[PDB]
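Next comes data_35.cif, with mmCIF, C-alpha atoms; chains and numbers go by the auth columns.
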data_structure
loop_
_atom_site.group_PDB
_atom_site.id
_atom_site.type_symbol
_atom_site.label_atom_id
_atom_site.label_comp_id
_atom_site.label_asym_id
_atom_site.label_seq_id
_atom_site.Cartn_x
_atom_site.Cartn_y
_atom_site.Cartn_z
_atom_site.B_iso_or_equiv
_atom_site.auth_seq_id
_atom_site.auth_asym_id
ATOM 1 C CA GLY A 1 94.814 21.501 30.909 0.00 13 I
ATOM 2 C CA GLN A 2 94.910 20.702 27.192 0.00 14 I
ATOM 3 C CA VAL A 3 94.983 23.913 25.146 0.00 15 I
ATOM 4 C CA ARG A 4 95.738 24.802 21.515 0.00 16 I
ATOM 5 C CA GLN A 5 96.176 28.025 19.509 0.00 17 I
ATOM 6 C CA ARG A 6 94.446 28.165 16.107 0.00 18 I
ATOM 7 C CA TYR A 7 92.680 30.567 13.724 0.00 19 I
ATOM 8 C CA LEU A 8 88.991 29.936 12.977 0.00 20 I
ATOM 9 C CA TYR A 9 88.204 29.986 9.247 0.00 21 I
ATOM 10 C CA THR A 10 84.775 29.431 7.721 0.00 22 I
ATOM 11 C CA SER A 11 83.928 29.767 4.025 0.00 23 I
ATOM 12 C CA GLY A 12 80.906 31.887 3.074 0.00 24 I
ATOM 13 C CA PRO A 13 79.204 33.823 0.225 0.00 25 I
ATOM 14 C CA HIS A 14 81.438 35.515 -2.347 0.00 26 I
ATOM 15 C CA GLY A 15 82.840 38.789 -1.019 0.00 27 I
ATOM 16 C CA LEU A 16 86.048 40.819 -0.890 0.00 28 I
ATOM 17 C CA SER A 17 87.966 37.770 0.270 0.00 29 I
ATOM 18 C CA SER A 18 88.010 34.860 2.719 0.00 30 I
ATOM 19 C CA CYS A 19 86.087 35.173 6.007 0.00 31 I
ATOM 20 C CA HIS A 20 87.911 34.567 9.305 0.00 32 I
ATOM 21 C CA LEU A 21 86.167 34.814 12.673 0.00 33 I
ATOM 22 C CA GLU A 22 87.042 38.171 14.255 0.00 34 I
ATOM 23 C CA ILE A 23 86.449 39.348 17.844 0.00 35 I
ATOM 24 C CA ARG A 24 86.388 43.079 18.601 0.00 36 I
ATOM 25 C CA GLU A 25 87.349 44.833 21.822 0.00 37 I
ATOM 26 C CA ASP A 26 83.850 46.267 21.854 0.00 38 I
ATOM 27 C CA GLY A 27 82.708 42.675 22.266 0.00 39 I
ATOM 28 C CA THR A 28 81.284 42.503 18.736 0.00 40 I
ATOM 29 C CA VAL A 29 81.787 39.474 16.471 0.00 41 I
ATOM 30 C CA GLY A 30 82.171 39.147 12.704 0.00 42 I
ATOM 31 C CA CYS A 31 84.344 37.751 9.909 0.00 43 I
ATOM 32 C CA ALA A 32 87.750 39.049 8.741 0.00 44 I
ATOM 33 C CA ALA A 33 89.427 39.067 5.320 0.00 45 I
ATOM 34 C CA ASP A 34 92.721 40.605 6.491 0.00 46 I
ATOM 35 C CA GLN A 35 93.487 37.669 8.783 0.00 47 I
ATOM 36 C CA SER A 36 94.734 39.378 11.969 0.00 48 I
ATOM 37 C CA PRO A 37 95.471 38.304 15.609 0.00 49 I
ATOM 38 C CA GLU A 38 91.893 39.173 16.612 0.00 50 I
ATOM 39 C CA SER A 39 90.944 36.047 14.652 0.00 51 I
ATOM 40 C CA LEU A 40 93.289 33.967 16.800 0.00 52 I
ATOM 41 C CA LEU A 41 91.416 31.933 19.418 0.00 53 I
ATOM 42 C CA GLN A 42 93.051 29.620 21.955 0.00 54 I
ATOM 43 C CA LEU A 43 90.798 26.672 22.734 0.00 55 I
ATOM 44 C CA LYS A 44 91.000 25.289 26.273 0.00 56 I
ATOM 45 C CA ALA A 45 89.620 21.870 27.207 0.00 57 I
ATOM 46 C CA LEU A 46 87.392 22.115 30.280 0.00 58 I
ATOM 47 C CA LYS A 47 85.897 18.619 30.270 0.00 59 I
ATOM 48 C CA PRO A 48 86.076 15.698 27.761 0.00 60 I
ATOM 49 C CA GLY A 49 83.962 16.772 24.771 0.00 61 I
ATOM 50 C CA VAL A 50 83.562 20.345 26.103 0.00 62 I
ATOM 51 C CA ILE A 51 85.992 23.179 25.316 0.00 63 I
ATOM 52 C CA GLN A 52 86.291 26.944 25.802 0.00 64 I
ATOM 53 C CA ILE A 53 87.556 29.571 23.326 0.00 65 I
ATOM 54 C CA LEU A 54 89.515 32.593 24.497 0.00 66 I
ATOM 55 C CA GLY A 55 90.670 35.371 22.156 0.00 67 I
ATOM 56 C CA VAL A 56 94.357 36.028 22.816 0.00 68 I
ATOM 57 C CA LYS A 57 94.369 39.525 21.304 0.00 69 I
ATOM 58 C CA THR A 58 91.206 40.654 23.085 0.00 70 I
ATOM 59 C CA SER A 59 91.614 38.334 26.063 0.00 71 I
ATOM 60 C CA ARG A 60 87.800 38.113 25.825 0.00 72 I
ATOM 61 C CA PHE A 61 85.883 34.836 26.089 0.00 73 I
ATOM 62 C CA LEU A 62 83.595 34.109 23.141 0.00 74 I
ATOM 63 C CA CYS A 63 80.196 33.082 24.502 0.00 75 I
ATOM 64 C CA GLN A 64 76.850 32.592 22.757 0.00 76 I
ATOM 65 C CA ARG A 65 73.686 34.169 24.152 0.00 77 I
ATOM 66 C CA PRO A 66 70.282 32.304 24.254 0.00 78 I
ATOM 67 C CA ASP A 67 69.246 34.093 21.068 0.00 79 I
ATOM 68 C CA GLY A 68 72.208 32.240 19.566 0.00 80 I
ATOM 69 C CA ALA A 69 74.193 35.451 19.025 0.00 81 I
ATOM 70 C CA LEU A 70 77.990 35.500 19.376 0.00 82 I
ATOM 71 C CA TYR A 71 79.751 38.036 21.602 0.00 83 I
ATOM 72 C CA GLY A 72 82.987 38.486 23.556 0.00 84 I
ATOM 73 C CA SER A 73 82.822 38.601 27.368 0.00 85 I
ATOM 74 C CA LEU A 74 85.059 39.749 30.224 0.00 86 I
ATOM 75 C CA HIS A 75 83.816 36.799 32.286 0.00 87 I
ATOM 76 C CA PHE A 76 83.652 33.034 31.769 0.00 88 I
ATOM 77 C CA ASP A 77 80.174 31.456 31.615 0.00 89 I
ATOM 78 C CA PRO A 78 80.076 27.620 31.127 0.00 90 I
ATOM 79 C CA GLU A 79 76.346 27.784 30.435 0.00 91 I
ATOM 80 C CA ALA A 80 77.116 29.893 27.330 0.00 92 I
ATOM 81 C CA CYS A 81 80.848 29.673 26.585 0.00 93 I
ATOM 82 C CA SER A 82 80.895 25.867 26.771 0.00 94 I
ATOM 83 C CA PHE A 83 81.042 24.316 23.300 0.00 95 I
ATOM 84 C CA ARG A 84 81.004 20.730 22.041 0.00 96 I
ATOM 85 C CA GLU A 85 83.429 19.439 19.404 0.00 97 I
ATOM 86 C CA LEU A 86 81.819 18.014 16.262 0.00 98 I
ATOM 87 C CA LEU A 87 83.765 16.068 13.614 0.00 99 I
ATOM 88 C CA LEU A 88 82.330 15.409 10.158 0.00 100 I
ATOM 89 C CA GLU A 89 83.304 12.464 7.968 0.00 101 I
ATOM 90 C CA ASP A 90 84.395 15.108 5.475 0.00 102 I
ATOM 91 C CA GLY A 91 87.061 16.103 8.021 0.00 103 I
ATOM 92 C CA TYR A 92 85.488 19.465 8.949 0.00 104 I
ATOM 93 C CA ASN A 93 84.969 20.647 12.544 0.00 105 I
ATOM 94 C CA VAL A 94 82.001 22.527 13.996 0.00 106 I
ATOM 95 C CA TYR A 95 81.062 23.876 17.437 0.00 107 I
ATOM 96 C CA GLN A 96 77.716 23.763 19.255 0.00 108 I
ATOM 97 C CA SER A 97 76.793 25.144 22.682 0.00 109 I
ATOM 98 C CA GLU A 98 76.449 22.095 24.918 0.00 110 I
ATOM 99 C CA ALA A 99 74.512 24.013 27.575 0.00 111 I
ATOM 100 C CA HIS A 100 71.435 24.743 25.406 0.00 112 I
ATOM 101 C CA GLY A 101 72.394 23.006 22.151 0.00 113 I
ATOM 102 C CA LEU A 102 72.428 26.314 20.259 0.00 114 I
ATOM 103 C CA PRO A 103 74.520 26.178 17.013 0.00 115 I
ATOM 104 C CA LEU A 104 77.617 28.376 16.638 0.00 116 I
ATOM 105 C CA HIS A 105 77.530 30.798 13.711 0.00 117 I
ATOM 106 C CA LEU A 106 78.502 34.354 12.784 0.00 118 I
ATOM 107 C CA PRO A 107 75.901 37.039 13.737 0.00 119 I
ATOM 108 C CA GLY A 108 73.182 37.687 11.159 0.00 120 I
ATOM 109 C CA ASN A 109 69.514 37.185 12.028 0.00 121 I
ATOM 110 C CA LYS A 110 67.848 36.861 8.625 0.00 122 I
ATOM 111 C CA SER A 111 69.229 39.695 6.504 0.00 123 I
ATOM 112 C CA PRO A 112 72.499 38.890 4.610 0.00 124 I
ATOM 113 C CA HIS A 113 72.406 36.985 1.319 0.00 125 I
ATOM 114 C CA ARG A 114 71.971 33.248 1.929 0.00 126 I
ATOM 115 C CA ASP A 115 71.552 30.471 -0.631 0.00 127 I
ATOM 116 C CA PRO A 116 68.104 28.700 -0.675 0.00 128 I
ATOM 117 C CA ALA A 117 67.345 26.144 2.047 0.00 129 I
ATOM 118 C CA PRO A 118 69.401 26.708 5.280 0.00 130 I
ATOM 119 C CA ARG A 119 71.717 23.771 5.973 0.00 131 I
ATOM 120 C CA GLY A 120 72.164 24.916 9.586 0.00 132 I
ATOM 121 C CA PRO A 121 75.556 25.558 11.338 0.00 133 I
ATOM 122 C CA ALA A 122 78.543 26.891 9.391 0.00 134 I
ATOM 123 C CA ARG A 123 81.645 24.723 8.952 0.00 135 I
ATOM 124 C CA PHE A 124 84.864 25.958 10.602 0.00 136 I
ATOM 125 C CA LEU A 125 88.457 25.080 9.695 0.00 137 I
ATOM 126 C CA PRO A 126 90.983 25.670 12.569 0.00 138 I
ATOM 127 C CA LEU A 127 94.383 26.732 11.182 0.00 139 I
ATOM 128 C CA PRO A 128 97.571 26.285 13.332 0.00 140 I
ATOM 129 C CA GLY A 129 98.048 29.372 15.530 0.00 141 I
#

Could you express the structure from this file as structure tokens?
Amino acid sequence: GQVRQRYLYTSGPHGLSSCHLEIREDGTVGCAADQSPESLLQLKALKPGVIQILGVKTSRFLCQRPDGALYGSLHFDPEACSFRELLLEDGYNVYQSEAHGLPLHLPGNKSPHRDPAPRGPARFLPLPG
């Protein structure tokens, strides 16, 4: 079982500071600027090309719902928590639900400030954890 511990970091619109993926005990998901353990996710390799992300602090599995929303769960669901590893020539890494092909991104259904023209999924940088 190949597993690694790393912090998920994705750049976004100017704000208080950097934005790091953060999982709450309530099962909510959002970014963090204080960089804490909640933003520490241990990725486990289920099958070649497919991995799972478990929050060590919350011990909750991060799964994406059909609507494409992110949320922590007390149970493992391959059909939603299974993600595919994407590598860009630029050297960035992104995740996409293999089950339905839904893109992985922070919650925000049309509302927060977003530059013109939506590129699509947000880029994530995994820091050693």

Please write the residues picked by the PyMOL selection byres ((chain I and resi 44) around 7) on this file as a count of residues only. 9

Which residues, named as in the file, does the PyMOL selection byres ((chain I and resi 50) around 12) pick out? Answer as a ChimeraX atom specification. /I:18-20,32-49,51-54,66-72,74,84,141

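Note that atom CA of residue I:62 and atom CA of residue I:79 are 20.5 Å apart.
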
Nearest to residue I:104: which of I:78, I:25, I:130, I:138 is it, counting all atoms listed in the file? I:138

Could you jot down the atom CA of residue I:135 to atom CA of residue I:22 separation for me, Å, one decimal place? 5.8 Å

Here's a test: counting only C-alpha atoms, identify every protein, DNA and RNA residue with an atom at most 9 Å from (75.7, 32.6, 18.9) in the file's coordinate frame, and state them as a PyMOL selection string. chain I and resi 75-83+92+109+114-119

Hey, can you check how far atom CA of residue I:16 sits from atom CA of residue I:55?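 About the pair atom CA of residue I:16 and atom CA of residue I:55: they are 5.4 Å apart.
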
Which residues, written as a list in words, have at least one atom at most 8 Å from residue I:96, with only C-alpha atoms counted and residues fewer than 4 positions away on the same chain left out?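 What passes the distance filter is residues 61, 62, 63, 107, 108, 109 and 110 of chain I.
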